[PDB]
Amino acid sequence: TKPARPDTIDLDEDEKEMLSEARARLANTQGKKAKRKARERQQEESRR
Amino acid sequence: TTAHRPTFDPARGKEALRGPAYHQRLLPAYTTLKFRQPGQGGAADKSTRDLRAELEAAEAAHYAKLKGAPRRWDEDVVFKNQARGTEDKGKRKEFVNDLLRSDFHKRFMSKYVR
Amino acid sequence: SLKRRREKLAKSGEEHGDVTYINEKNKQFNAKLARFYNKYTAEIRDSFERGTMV
Amino acid sequence: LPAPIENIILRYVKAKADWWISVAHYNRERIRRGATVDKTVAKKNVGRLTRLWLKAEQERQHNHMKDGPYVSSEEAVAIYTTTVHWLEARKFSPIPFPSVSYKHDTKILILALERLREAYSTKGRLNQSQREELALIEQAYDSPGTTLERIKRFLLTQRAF
Amino acid sequence: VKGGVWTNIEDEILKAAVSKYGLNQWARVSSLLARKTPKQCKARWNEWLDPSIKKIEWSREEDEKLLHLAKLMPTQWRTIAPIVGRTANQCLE
Amino acid sequence: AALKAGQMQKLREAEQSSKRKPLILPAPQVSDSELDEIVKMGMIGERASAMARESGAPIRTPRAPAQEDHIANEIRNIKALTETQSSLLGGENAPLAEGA
Amino acid sequence: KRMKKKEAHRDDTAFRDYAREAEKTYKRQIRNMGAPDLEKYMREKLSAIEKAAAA
Amino acid sequence: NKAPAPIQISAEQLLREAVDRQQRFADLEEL
Amino acid sequence: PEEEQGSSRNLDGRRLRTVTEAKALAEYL
Amino acid sequence: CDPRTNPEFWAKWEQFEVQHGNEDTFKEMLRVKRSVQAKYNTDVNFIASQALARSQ
RNA sequence: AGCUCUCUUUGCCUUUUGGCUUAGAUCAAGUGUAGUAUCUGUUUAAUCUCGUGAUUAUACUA
């Protein structure tokens, strides 16, 4: 219920990792089979 | 992930494959038809107006049969007569087309969730 | 038709304001959502802008 | 959403709900009879009855707000008056708020913490709230006075949980 | 430990996580905010970050309603709060 | 910025044209009938002046009485009905300064 | 007539059905062909006249 | 340094950063 | 850098892109 | 009416309240004024107000 | 009152969420170590043929 505390000049390491993982997790959209199909499309293209 | 998907184009029925008879699929069973016997009706038409007449005859008979046509220990206490007007429930059973508010469901939840 | 396809691809690739999406299909879906629903969500959008009120 | 489309969806959601509730009734009768030993059927049925119970409970809470206190004010005053006459006849002394230096606080707190710890007694896998409640119990063991001050502060102050 | 003050990093990551995950997946949301529990992320949305929460100063009509309802239904803050229109903690404070 | 501001301001104007709420006015204490007899008396007085010749500036809102401060009345009512301790202990009921 | 035509196009911009879209497309395509060559039409008419007279 | 930063991150900034971090045939036989 | 972080906020809760666009509209007017 | 774009309107209401009113209605006026400031405390209204301020 | 070019507005949605049940279910991490990759730092001239080759004058140099 207390309001938010502003970010400091220097963040701590838990907060840098938290921001990096937030960006990666928000960007990710696929599952494991979809990722393997994209990988194997590239590998079949190069093999051909 | 579109592996797990709905059905927009459900499978169409096919003519049977035609070939020589080797595989045994459907064992014979109930290989005689029963027919309606004397007294079992079915093959007994009267007429439209006849059937109408027996319909209102039977229905009027049912309606006519329904209508009938041929210091004290209990004065110490603080709350009194608190169960009048409770046992008088039970005049007509009302079907309710909302399952979660039916008396059946209310009974069920009272019995099973305690 | 091909020219209109090029022009609409360019104008969709332009971005005015906040990124609310994470890919192009998401961007298109969010634009469709804005086209349909913005006439009903204006008070909630004002609340998310200013930070308060219903 | 266009009204004819909404009508179609409401119609069929009710039909699915009817089928789902009838299966709930049938499987509870089978579970009560013992006619099934299917563990998935049992956990599914308990989920269904939990959802049904909470729907009924929300409707009951809503009906209490709409149709007022069911106990009449005359009934409430009569109940309260019976209670005061009883307790005055029994000469009952009301229970005080626990003192700062109540001489039995340590014994009372140790009994309470032993009860919560024995609620944890036979546990193999612990989730996060379980591990933090064990940690809070051992902190209360290590600092009984601080825990007592925090408890009495909560009892004086907190009204929203 | 899992708790403490809510900072701006945590609130903004919570809002972006809610925008990906909705409001019924607080374990995914907390998995982004790995300094808070799912219960804490849900409590933060419900008590602060929900856009229907008025954080402006109380009007006189609101104060009169709050005192009147606190007299009617005593110490029942989860009941009082929807009628007043503020959160239970806001009404109590 | 200009073109986004034009599209912006058209959107905001569509908002505001929907966002308007009506005005509830208090009933006037001096209605049309008493306007009619006050203008009748005024014309009677000025025609009497005409035939004779031929032949508090501000208004202030009154203060609500201090005993009608419903808020402060309700804090003292709440304190008298809440921090009071058990009725088996006897004691004095704090005064419910209710008023009206 | 010009301004009523412009106003009609403005009112008929939004989609109603494919019969209207087909009528609009056909009218625009006729305009884009423009004026027919009545001299070539009349030459073809006279050639067809003498050919059908022979036949 | 624990003084408040001049720039405070936002969810839309996070989304923008996530978005940011996101033949010659010679023969009939090859054809 | 402000252009990179245009969707971030000031201390008074205002987006840096809105500060920039307000200044630009002031210049345009 | 937004205060940072209608100072003459708010001054007129202040004149009306000091000619006809008391301090309770005056604090009600200021409560309403800062509530309207909170309502208009958005980025869009900031753009409009800054443009008007540096156009005037 | 025409046709092309450009801008704006209107339209069109144009890659734009493809099932189910007990929200299907459950979830705090850290650290060590190894390996692989990342970063913070002689000159010129004309000729022919397939230019080239060939013909070919000549400079510079204690």
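All chains are named by letter (A, B, ...) in the order of the sequence lines, taking the proteins before the strands, and each is independently numbered beginning at 1.
- Taking atom CG of residue E/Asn24 and atom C1' of nucleotide K/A23, one finds them 6 Å apart after rounding to whole Å.
- Judged by ring centres under 5.5 angstrom apart and ring planes under 30 degrees, K/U16 does not stack on its strand neighbour K/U17.
- The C1'-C2'-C3'-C4' torsion of K/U17 is negative, so its sugar falls on the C2'-endo, or south, side.
- One can place NZ of C/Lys11 at 22 Å from P of K/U16, the figure rounded to the nearest angstrom.
- A donor N or O paired with an acceptor N or O is not found under 3.5 Å between the base of K/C20 and the side-chain atoms of D/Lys16.
- The backbone N or O of D/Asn127 sits less than 3.5 Å from a side-chain atom of D/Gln130, completing a donor-acceptor pair.
- Of the residues near RNA chain K, D/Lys44 and B/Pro6, the one whose nearest nucleotide (by heavy atom distance) lies more toward the 5' end is B/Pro6.
- The P atoms of K/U36 and K/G24 are separated by 46 Å, rounded to the nearest whole Å.
- On the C1' atoms, K/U22 is 49 Å away from K/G11, given to the nearest whole Å.
- A positive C1'-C2'-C3'-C4' angle places the sugar of K/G24 in the north (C3'-endo) family.
- In the set K/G18, K/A28, K/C27, the nucleotide with an atom closest to the side chain of B/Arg5 is K/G18.
- Take the nearest nucleotide of RNA chain K for F/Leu3 and for C/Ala31: the residue whose nucleotide is more 5' is F/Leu3.
- Rounded to the nearest Å, the gap between the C1' atom of K/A54 and that of K/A45 is 16 Å.
- One finds no side-chain N or O of C/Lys25 lying less than 4.0 angstrom from the OP1 or OP2 phosphate oxygen of K/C13.
- Using atom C1' as the reference point in both K/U61 and K/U43, the two lie 15 Å apart (nearest Å).
- One finds a side-chain N or O of D/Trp20 lying less than 4.0 angstrom from the OP1 or OP2 phosphate oxygen of K/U22.
- The D/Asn127 side chain lies nearest to K/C27 when the options are K/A23, K/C27, K/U17.
- The same atom, P, is picked in K/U33 and in K/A28; the two are 27 Å apart, to the nearest Å.
- Residue C/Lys27 is classed as having no contact, given no heavy-atom separation below 4.0 Å to the nucleic acid.
- With no hydrogens or angles considered, a side-chain donor-acceptor pair links E/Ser52 and E/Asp50 at under 3.5 Å.
- The distance from atom NZ of E/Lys42 to atom P of K/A23 is 15 Å, rounded to the nearest whole Å.
- Minimum atom distance to the side chain of C/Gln28 is reached by K/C13, of the listed K/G19, K/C13, K/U22.
- When distances are taken from the side chain of G/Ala14 to each of K/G11, K/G18, K/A28, the shortest belongs to K/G11.
- Minimum heavy-atom separation, B/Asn97 to D/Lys14: O-NZ, 2.8 Å.
- Checking the phosphate oxygens (OP1, OP2) of K/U15, a side-chain nitrogen or oxygen of C/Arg5 falls inside 4.0 Å.
- Comparing the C1' positions of K/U55 and K/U44 gives an interatomic distance of 15 Å, to the nearest angstrom.
- Here D/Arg33 does not pair with D/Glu29 in a salt bridge; the nearest charged N to carboxylate O distance is not below 4.0 Å.
- When distances run from any side-chain atom of G/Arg2 to the nucleotides K/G2, K/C12, K/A28, the shortest one goes to K/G2.
- The NZ-P distance, from E/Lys39 to K/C27, rounds to 15 Å in whole Å.
- Base stacking between strand neighbours K/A46 and K/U47 is not detected by the criterion of six-membered ring centres within less than 5.5 Å and interplanar angle below 30°.
- Atoms NE2 (C/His16) and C1' (K/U8) sit 14 Å apart, rounded to a whole Å.
- Base orientation at K/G19 is anti, since its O4'-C1' glycosidic dihedral falls outside 90° of 0.
- Which of K/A28, K/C5, K/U16 sits closest to the side chain of C/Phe29 comes down to K/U16.
- Among the atoms of the strands shown, none is found under 4.0 Å from any heavy atom of D/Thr50.
- The interatomic distance linking C/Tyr37 (OH) with K/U16 (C1') rounds to 14 Å, in whole Å.
- Atom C1' of K/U15 sits at a distance of 22 Å from the matching atom of K/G19, rounded to the whole Å.
- At whole-Å resolution of the value, NZ in E/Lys36 and P in K/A28 are 16 Å apart.
- Stacking of the bases of K/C48 and K/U49 is indicated, with six-membered ring centres separated by less than 5.5 Å and ring planes inclined by less than 30°.
- Judged by distance alone, the side chain of C/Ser12 and the main-chain N or O of C/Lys8 form a donor-acceptor pair under 3.5 Å.
- With E/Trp6 as the aromatic partner, E/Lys36 meets the cation-pi criteria of under 6.0 angstrom to the ring centre and within 45 degrees of the ring axis.
- Of the side-chain N and O atoms in C/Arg35, none sit less than 4.0 angstrom from OP1 or OP2 of K/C13.
- Among the protein residues, C/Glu24 comes within range of no part of the nucleic acid, since none of its heavy atoms lies under 4.0 Å from any strand.
- Rounded to whole Å, the distance from NE2 on G/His9 to P on K/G11 is 18 Å.
- Comparing atom distances between the F/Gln7 side chain and each of K/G18, K/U9, K/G2 picks out K/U9 as nearest.
- In K/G51, the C1'-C2'-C3'-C4' torsion is positive, which places the sugar in the north family.
- Judged by a 6.0 Å distance limit and a 45° cone about the ring axis, C/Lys25 is not positioned over the six-membered ring of C/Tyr21.
- Phosphate contact (OP1/OP2 of K/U10, side-chain N/O of G/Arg10, threshold under 4.0 Å): absent.
- Of all nucleotides listed (K/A28, K/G18, K/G11), K/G11 comes nearest to the side chain of G/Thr13.
- Residue D/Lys43 has no polar side-chain atom (N or O) positioned under 4.0 Å from OP1 or OP2 of K/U22.
- Judged by the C1'-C2'-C3'-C4' torsion, which is negative here, the sugar of K/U15 sits on the south, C2'-endo side.
- Taking atom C1' on both nucleotides, K/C48 is separated from K/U56 by 13 Å, rounded to a whole Å.
- Looking at C/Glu24 and C/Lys27, no side-chain N of the basic residue comes within less than 4.0 Å of a carboxylate O on the acidic one, giving no salt bridge.
- The side chain of C/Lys32 contributes an N or O atom lying less than 4.0 Å from OP1 or OP2 of K/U17.
- For K/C12, neither phosphate oxygen OP1 nor OP2 lies less than 4.0 angstrom from any side-chain nitrogen or oxygen of C/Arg4.
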- Message: I'd like to know whether D/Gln139 forms a side chain to side chain contact (heavy atoms under 4.5 Å, CB included) with D/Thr147, so could you lay out the CA-CA distance, the side-chain angles of the two residues, the decisive distance to 0.1 Å, and finally the verdict.
- Response: CA-CA 8 Å; D/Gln139 293 179 356; D/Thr147 303; 5.9 Å; no
